[PDB]
Colleague: 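This is the structure, below, for whatever I ask next.
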Amino acid sequence: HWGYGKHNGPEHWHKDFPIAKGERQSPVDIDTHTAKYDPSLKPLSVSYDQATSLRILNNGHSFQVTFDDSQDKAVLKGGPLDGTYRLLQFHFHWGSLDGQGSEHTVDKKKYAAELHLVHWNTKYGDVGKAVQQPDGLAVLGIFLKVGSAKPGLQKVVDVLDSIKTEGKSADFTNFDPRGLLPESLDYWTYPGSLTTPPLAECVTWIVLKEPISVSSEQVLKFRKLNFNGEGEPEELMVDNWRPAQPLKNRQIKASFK
Ligand SMILES: NS(=O)(=O)c1cccc(NC(=O)NCCCCO)c1
Ligand SMILES: NS(=O)(=O)c1cccc(NC(=O)NCCCCO)c1
Ligand SMILES: [Zn+2]
């Protein structure tokens, strides 16, 4: 199957997912001197008060926390978005070294990791329908920088021992994703895609200006996860990021000056 190694990684994906070479692929480099401030962009509305987390799981390419999206509990609205998008899951991408790991870059700078909070457009009824639409998903991307610890991440970090290998999952109820946000909601936005197969061109990307700070010990625990399943040769889950893709006929807009 696909992965992030030399024999199944991003340079190979197009052979099974030809949209990998499409017109609105993600991630991209955000050139801060080419992004345009758009004073028409509304502030984001992050309404996570009623979020209901369910499980945390190792799916062989990241770890993911899932949420009950059977009704408008945790939603993302405003910003560039029309209508209401429900939080479905979040997951991360990270590096083997602190100078790499993020998918988006800022002026070619790579961050140690990147958080993706994945939301789907309720007008399409279910997520499978949404992924077929150019405005079906909104992913809120947040950079992780190595510095002080992020207290709202520690509960995630402390359970990763229990989902070391692909296919493992654990209960992860009563987790508050608001603890993963930075102070500012200033953002860049552009139309793009999923950054993993199937690479569907269905995502409004909203990337926050302000990174969150996580400690070295927190990101070390990401790097102890495994791509493999139990009983298989161990392969550390590191460098699960796609590099920046051609911007092509797109403009990145900024909500701030
Ligand atoms: N899904 S994909 O990235 O297009 C892809 C393309 C080519 C091979 C793979 N999987 C592979 O196993 N490639 C190398 C073979 C190692 C066999 O044990 C996935
Ligand atoms: N990395 S991302 O653009 O935020 C994103 C968001 C939502 C879905 C995906 N891609 C996938 O879930 N691919 C399915 C992989 C099958 C095993 O879990 C990527
Ligand atoms: Zn992602």
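What's counted below: heavy atoms across the whole structure, side chains too, no hydrogens, waters or symmetry copies. Order of listing sets the numbers, starting from 1, for every ligand and every atom in it. Position 1 is the first residue of the sequence; numbering continues from there.
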Colleague: Under 6.0 Å between ring centres: does that hold for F256 and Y37?
Modeller: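 No.
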Colleague: Please say whether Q89 places an N or O atom under 3.5 Å from an N or O atom belonging to ligand 2.
Modeller: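 Such a contact does not occur with ligand 2.
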Colleague: With the threshold set at under 4.0 angstrom, would you say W205 reaches ligand 2 through any of its heavy atoms?
Modeller: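 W205 counts as a contact of ligand 2 under the 4.0 Å cut-off.
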Colleague: Return a yes/no value: protein heavy atom under 4.0 Å from atom 1 (N) of ligand 1?
Modeller: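 Neighbour list for atom 1 (N) of ligand 1 includes protein heavy atoms (cut-off 4.0 Å).
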Colleague: Any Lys/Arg nitrogen of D82 or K123 sitting under 4.0 Å from an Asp/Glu carboxylate oxygen of the other?
Modeller: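 Not counted as a salt bridge, because no side-chain N and carboxylate O are separated by less than 4.0 Å.
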Colleague: Can you tell me if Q132 uses its side chain to pair, donor with acceptor, with the backbone of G128 under 3.5 Å?
Modeller: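 Yes, the answer is positive, given that a donor and an acceptor are paired below the 3.5 Å cut-off.
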Colleague: Return yes or no for this condition: an N or O of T196 is under 3.5 Å from an N or O of ligand 2.
Modeller: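 For ligand 2, there is an N or O atom that lies under 3.5 Å from one belonging to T196.
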Colleague: Would you mind checking which non-hydrogen protein atom is closest to atom 5 (C) of ligand 1, with the distance to 0.1 Å?
Modeller: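 Of the protein heavy atoms, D16 OD2, 3.8 Å lies nearest.
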Colleague: Tell me: protein heavy atom nearest atom 8 (C) of ligand 2, and distance?
Modeller: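 That would be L194 CD2, 3.9 Å.
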Colleague: Indicate whether any N or O donor in one side chain lies under 3.5 Å from an N or O acceptor in the other, for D98 and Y111.
Modeller: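 On atom types as modelled, these side chains do not qualify, holding no pair under 3.5 Å.
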Colleague: Do you reckon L180 sits in the same ILVMFWY cluster as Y85, going by side-chain contacts under 4.5 Å, direct or chained?
Modeller: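 Linked, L180 and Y85 end up in one cluster.
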Colleague: Give me the nearest non-hydrogen protein atom to atom 6 (C) of ligand 2 as residue plus atom name, then the distance to 0.1 Å.
Modeller: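 That would be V118 CG2, 3.7 Å.
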Colleague: With rounding to the nearest 0.5 angstrom, report the CZ to OG distance, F227 to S62.
Modeller: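 It comes to 9.0 Å.
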Colleague: Does either side chain, that of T122 or that of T84, offer a donor lying less than 3.5 Å from an acceptor on the other one?
Modeller: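 On atom types as modelled, these side chains do not qualify, holding no pair under 3.5 Å.
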Colleague: Against heavy atoms of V139, which atoms of ligand 2 measure under 4.0 Å?
Modeller: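 The list of qualifying atoms is 4 (O).
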Colleague: Which residue owns the protein heavy atom closest to atom 13 (N) of ligand 2, what's the atom, and how far is it?
Modeller: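 Scanning the protein heavy atoms, the shortest distance from atom 13 (N) of ligand 2 goes to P197 O, 2.9 Å.
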Colleague: Just to confirm my output: which protein heavy-atom neighbour is closest to atom 18 (O) of ligand 2, and how far is it?
Modeller: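 In this structure, atom 18 (O) of ligand 2 has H61 NE2, 3.0 Å as its nearest protein heavy atom.
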Colleague: Mark the output for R242 as yes if a heavy-atom distance to ligand 2 is under 4.0 Å, and as no if none is.
Modeller: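 Heavy atoms of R242 never come under 4.0 Å of ligand 2.
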Colleague: Is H12 in polar range of ligand 1, meaning some N or O pair under 3.5 Å apart?
Modeller: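 Yes.
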Colleague: Under the side-chain hydrogen bond (donor to acceptor under 3.5 Å, both in side chains) rule, what pairs show up with a residue in residues 246-257, not counting sequence neighbours?
Modeller: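 Listed once each, the pairs would be none.
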Colleague: How many angstroms lie between atom CD1 of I206 and atom OH of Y187, to the nearest 0.5 angstrom?
Modeller: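 Those atoms lie 6.5 Å apart.
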Colleague: Measure centre to centre between the rings of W2 and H61, then say whether the value is under 6.0 Å.
Modeller: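 Ring centres of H61 and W2 closer than 6.0 Å.
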Colleague: Quick one: look up the protein heavy atom nearest atom 10 (N) of ligand 1 and list residue, atom name and how far away it is.
Modeller: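 Among all protein heavy atoms, the one nearest atom 10 (N) of ligand 1 is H1 O, 3.6 Å.
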Colleague: Can you confirm if the aromatic rings of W13 and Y4 lie within a centre distance of less than 6.0 Å?
Modeller: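 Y4 vs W13: aromatic centres under 6.0 Å.
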Colleague: Around atom CG of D171, are there more than 12 heavy atoms of other residues, nucleotides or ligands at under 6.0 Å?
Modeller: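 Yes, because the 6.0 Å sphere around CG of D171 holds more than 12 heavy atoms from other groups.
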Colleague: Look at atom 3 (O) of ligand 2 and say which protein heavy atom is nearest, naming residue and atom and giving the distance to 0.1 Å.
Modeller: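 Residue, atom and distance for the closest contact: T195 N, 2.8 Å.
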Colleague: Does a side chain donor of either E234 or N226 reach within less than 3.5 Å of an acceptor in the other side chain?
Modeller: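 The answer is yes; a qualifying pair exists.
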Colleague: Restricting to under 2.8 Å, identify the protein N, O or S atoms around the Zn ion (ligand 3) as residue plus atom.
Modeller: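 The answer, once waters are left aside, is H91 NE2, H93 NE2, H116 ND1.
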Colleague: Check the pair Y190 / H104 against ring-ring contact (aromatic ring centres under 6.0 Å, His included), numbers first and verdict last.
Modeller: CA-CA 12 Å; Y190 76 99; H104 295 85; 5.6 Å; yes
Colleague: Regarding ligand 1, does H14 bring an N or O atom to under 3.5 Å of one of the ligand's N or O atoms?
Modeller: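 Among all N and O atoms of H14, none is under 3.5 Å from an N or O of ligand 1.
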Colleague: Identify the closest protein heavy atom to atom 15 (C) of ligand 1: which residue and atom is it, and at what distance?
Modeller: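 Going by distance alone, atom 15 (C) of ligand 1 is nearest to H7 CB, 4.8 Å.
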Colleague: Answer yes if the ring centres of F175 and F90 are under 6.0 angstrom apart, and no otherwise.
Modeller: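 Distance test on ring centres: under 6.0 Å, yes.
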Colleague: State if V203 counts as touching ligand 2 under the rule of any non-hydrogen atom under 4.0 Å.
Modeller: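 Judged by the 4.0 Å heavy-atom criterion, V203 does not count as contacting ligand 2.
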Colleague: For ligand 2, which atoms have a heavy atom of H93 less than 4.0 angstrom away?
Modeller: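 Once the distances to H93 are compared, the set is 1 (N).
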